[PDB]
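To start, the structure under review is shown below, and the notes come after it.
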2 protein chains.
Amino acid sequence: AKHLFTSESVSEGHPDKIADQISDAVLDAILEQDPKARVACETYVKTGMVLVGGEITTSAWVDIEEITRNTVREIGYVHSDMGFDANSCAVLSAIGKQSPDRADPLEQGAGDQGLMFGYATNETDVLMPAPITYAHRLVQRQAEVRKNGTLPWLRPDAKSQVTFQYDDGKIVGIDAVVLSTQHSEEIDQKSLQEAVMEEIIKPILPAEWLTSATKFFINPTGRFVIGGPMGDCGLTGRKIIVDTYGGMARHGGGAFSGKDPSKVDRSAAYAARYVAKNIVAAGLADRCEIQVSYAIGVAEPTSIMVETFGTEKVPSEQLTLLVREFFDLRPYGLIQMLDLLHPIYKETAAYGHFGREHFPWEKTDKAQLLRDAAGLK
Amino acid sequence: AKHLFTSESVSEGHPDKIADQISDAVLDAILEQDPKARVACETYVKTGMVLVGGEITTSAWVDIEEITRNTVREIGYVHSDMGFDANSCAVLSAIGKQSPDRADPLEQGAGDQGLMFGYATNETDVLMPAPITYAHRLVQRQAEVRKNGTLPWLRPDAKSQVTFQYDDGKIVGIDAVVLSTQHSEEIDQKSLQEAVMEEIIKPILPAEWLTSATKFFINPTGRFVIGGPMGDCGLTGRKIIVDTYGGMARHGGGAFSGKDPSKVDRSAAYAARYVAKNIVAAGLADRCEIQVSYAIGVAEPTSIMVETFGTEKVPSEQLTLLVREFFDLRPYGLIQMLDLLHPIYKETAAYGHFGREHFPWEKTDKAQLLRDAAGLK
Ligand SMILES: [K+]
Ligand SMILES: [K+]
Ligand SMILES: [K+]
Ligand SMILES: [Mg+2]
Ligand SMILES: [Mg+2]
Ligand SMILES: [Mg+2]
Ligand SMILES: [Mg+2]
């Protein structure tokens with residue numbers, strides 16, 4: 001019935017997200033020269049320094065120092081007084097390089113085991129959960145307005161957290177909203193508070209959802225002048241939830257950034273979002289979670305399961321049927337189905353991996369074809 | 001109805017878990033001298049090296065080099081030929097120290113926002129999900145037998161993944177089992193395969209669950225001689241799922257290790273396991289997930305929600321009622337309720353944080369008292 005759920009998001013320039021973006025920015029850069037490169041690049045960011053370390057198996061030659069500094073500069077950490085300067089921080093690499101030396105490629109077995117969970121739900125335009133959609137849209141507004149000179153006393157680092165009240169299955173409205181933005185010395189908190197309200201919160205959160213009763217908490221501790229990796233620590237794979245579905249859906253361990261698409265931890269997860277978005281887009285269910293798992297060197301998935309949580313329009317038996325017809329969940333099948341061997345990966349690393357319609361895993365192309373085999377309707 | 005679920009676990013000495021254990025081992029050591037120390041210590045492990053970096057606010061003086069090497073030695077990476085030697089690897093710190101300089105302590109607001117999810121379910125003895133319980137028990141056996149001279153050709157690093165088949169809500173049995181163990185040069189795979197079967201798998205997995213149809217995959221790629229941080233990368237907070245509930249339950253972003261109990265990301269999560277285990281232990285439901293959230297500098301939780309997923313014995317209204325009576329979910333309340341300011345944290349860092357009955361969050365003490373207010377029965 002009535003009950004509430006929460007999801008947080010952070011911006012580009014929160015320290016773990018800096019790490020994600022740099023990892024994915026090396027990955028993109030390597031993919032650009034060598035689309036079949038196998039890469040796993042993990043990054044750690046602390047007040048002075050960025051350490052980017054990984055194994056890469058490629059022919060590409062890339063400049064990790066340069067890639068690091070340019071990513072840190074778009075985010076905007078450009079002066080010691082913000083916390084971190086892209087132009088003078090230390091960059092260290094410990095990247096170990098290797099150079100590359102079944103009859104049907106598609107049958108090649110999964111490298112590493114694991115479980116990936118994908119979800120979709122009709123509660124938004126983008127078939128995503130409303131919480132995490134709004135949480136991202138907030139932090140995203142924050143960067144936009146920061147970067148576009150509107151509220152140029154903002155600094156990079158920022159968190160949002162929306163909490164939504166649902167009477168059963170229907171988003172009723174927004175109980176609380178939290179928003180905290182790093183900002184300059186020369187603005188004080190009450191003046192900040194109407195700017196964040198007017199220019200960030202008011203244009204994103206939908207007004208009939210928003211009420212007398214909505215508890216807003218903009219910079220609740222006040223001040224927050226120095227952020228980013230000053231006094232804190234970013235490392236890749238730490239904002240796993242924000243990255244996916246804000247905790248609306250489950251998650252098996254795994255991080256995405258710095259992982260080239262052969263890594264099932266990333267590409268099975270993308271593929272799984274893709275089957276669930278297609279299932280719901282065709283009205284086979286209202287909301288659908290899928291778990292695929294893999295075992296090392298088997299190529300067919302060791303498990304599939306769907307939970308259309310009471311929301312079917314065709315029984316789950318038949319659904320599990322069609323999941324295997326329309327979708328090649330084999331490790332090399334996913335790459336194929338979704339055309340993954342491209343430098344599309346950096347834009348993924350902030351603002352969430354799913355729910356953005358221009359990613360190959362978000363396209364609803366198998367929609368009707370899936371309805372058909374499920375009994376055209 | 002019939003459908004299947006999977007969960008993985010890894011051992012001590014899988015590289016991210018090495019990182020967790022070292023983080024928590026510094027934490028324990030600081031807590032031992034200064035129980036009120038605020039600590040956040042993140043660790044990164046790569047072939048040569050361990051980098052332990054964090055902020056700590058304490059009076060304690062501890063030896064990070066020494067703590068690092070002793071943890072790496074119990075795990076057992078002791079010679080270059082395994083991949084990593086505790087006695088010669090590089091240890092670097094970038095720990096930034098500070099020295100400590102509302103009227104009711106319990107009312108002090110949460111430092112940092114977030115969402116924590118706790119779960120319990122009656123499907124095991126320990127009120128945990130059967131998958132993750134069995135997955136851990138496998139990797140745990142592996143270390144036991146390794147360490148106790150039974151199968152001393154084993155090496156530290158190892159993954160398990162059990163996949164369970166459930167007809168509705170009842171574990172029916174085990175479809176697949178995967179187990180991969182680092183091992184010495186002087187044992188080959190078929191001989192390894194009956195040892196892993198007899199001495200590891202056969203004494204852990206329950207036999208009526210185990211069948212003709214169970215697909216076992218012991219070292220499926222074969223060989224696996226060198227592991228640990230050789231050629232790979234561990235960092236804290238990467239085995240978040242294994243750490244909790246194997247993906248049976250949801251998770252809001254956050255890691256535990258290296259975080260002193262003031263960190264809600266850790267202690268709210270422990271507290272949440274604790275409310276759900278108590279609820280189910282009292283038979284208010286068969287299985288219960290709780291989300292608490294917090295906003296920065298508020299002290300009452302911004303949300304609670306329970307999902308007894310159709311399994312109640314008292315309506316969820318009244319359940320949400322009692323959650324707030326028996327449990328002080330305020331940041332300083334949790335510490336209190338669960339007596340957290342102690343060096344109990346290292347044993348947490350491998351084999352899973354919940355489901356082990358001797359942790360203060362696993363004790364079922366509020367059991368009957370909770371049944372009572374819910375209508376004694
Ligand atoms: K993580
Ligand atoms: K990674
Ligand atoms: K941590
Ligand atoms: Mg953090
Ligand atoms: Mg993995
Ligand atoms: Mg890993
Ligand atoms: Mg947090």
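Lettering and numbering for the structure tokens are positional, with chains as A, B, ... in the shown order, residues counted from 1 in each chain, and ligands counted from 1 in the shown order.
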
Show me, as JSON, numbers by chain, every residue of chain A with an atom at most 8 Å from chain B, counting only C-alpha atoms.
{"A": [3, 4, 5, 6, 7, 8, 42, 44, 46, 53, 54, 55, 96, 113, 114, 115, 161, 163, 176, 178, 220, 221, 231, 232, 233, 235, 237, 238, 239, 240, 241, 242, 246, 247, 248, 249, 250, 251, 252, 253, 254, 255, 291, 293, 295, 296, 297, 302, 303, 304, 305]}

Which residue of A:81, A:74, A:107, A:265 approaches ligand 2 most closely, using only C-alpha atoms and all ligand atoms
A:265

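Reported to one decimal place, the separation of CA of residue 145 (chain A) from CA of residue 171 (chain A) is 27.6 Å.
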
Residue list (strand (DSSP E), DSSP) for region 122-161 of chain B, as a PyMOL selection string
chain B and resi 154-161
